[PDB]
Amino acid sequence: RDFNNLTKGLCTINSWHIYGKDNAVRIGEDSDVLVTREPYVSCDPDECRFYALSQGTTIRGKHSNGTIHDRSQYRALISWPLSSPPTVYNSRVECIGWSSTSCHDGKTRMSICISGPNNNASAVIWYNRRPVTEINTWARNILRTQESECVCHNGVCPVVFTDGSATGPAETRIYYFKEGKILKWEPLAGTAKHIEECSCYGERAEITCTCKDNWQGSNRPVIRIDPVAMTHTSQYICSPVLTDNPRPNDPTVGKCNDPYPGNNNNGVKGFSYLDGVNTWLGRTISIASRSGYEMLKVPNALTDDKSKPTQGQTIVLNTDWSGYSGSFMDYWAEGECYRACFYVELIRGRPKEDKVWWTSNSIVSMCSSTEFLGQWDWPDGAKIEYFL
């Protein structure tokens, strides 16, 4: 009943344990499972749930045809019980739109959905399941946001938005909301040259967001926000362990204040936990496509431009499809530290599997362990041939 404060630091990450997995595409082959994409996980004080952008049709439905498309009037942010699949009957609509973010401040939840045509989109900010504030596009070119949870501190929940070209300079803004109202907003500052789809987490009154430089960088831009002062900084992960996709092969020295070149106008949402020697980066295994997923322990990745891995864990084999990935934590758990968690979107269907006419995904999610646990791989598990 009081706003949550980010008073703890991250727990020591020595490995990752399975947290949730919905097997949605497998189950949806013969049950009323909604087509989704851009999933994430977010916790309330008494429950943690899966979230995603529905496409407003089931996977077996005839309206699944054409669901590779990103922005239609039939999309909505939905949430559903942890590890169940997103069904027609258990999915709760949080708001209507084709780009979203959502977070609980300790008292209630803020959810944000953006909708509209490319040149006239608008964000609606919901708080306590009611619409409170609206924001019109400022650059008239696909106003858009995180696609994973936001983070709050003493009621202030910063959110990163981008409006403008995805393949050149754009207008990124950091909005500071409280009870769904705008306290302040600032234009992006720092050395990040382009920002998309930030994945954020909080610890010791600081919010760290790992984003995607769609324009030029194969290294990831990082925004660090002070939610009390309502100010931020930006840079890139200095490490040569490159974590966007597609991307060039890893070098031996990265770039701290500029995009690491080699691949232009493409990328995938991803994340990292940046905490000195307790630093872990996620990335696709393939440098060319959204296939495979691994976690690499890269001490001081944010600030050391020669930092390389000292430990790792395979999450998804390179022979299995992956997709977006993002961070979340259960800020209401017991204990002295916050346990880092992440999800990986396992994309099925188009464009990589074009024998089917749809595009959907399932979710797998892990949280850190202080033990050094054995590893397994966690594929989507569905057989495309069954849907033919």
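Residue positions are given as counts along the sequence shown, with the first one as 1.
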property: Between 350-358 and 35-43 (mean CA B-factor, as deposited), the higher; result: 350-358
property: Higher-B stretch (mean Cα B-factor, as the entry records it), 114-122 or 251-259; result: 251-259
property: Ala139 - which third its CA temperature factor falls in, relative to the rest of the chain; result: highest
property: Cα B factor band for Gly9 (lowest, middle or highest third within the chain); result: middle
property: Chain-wide C-alpha B factor ranking for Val159, given as lowest, middle or highest third; result: lowest
property: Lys178 - which third its CA temperature factor falls in, relative to the rest of the chain; result: highest
property: Third of chain Cα B-factors occupied by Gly106; result: middle
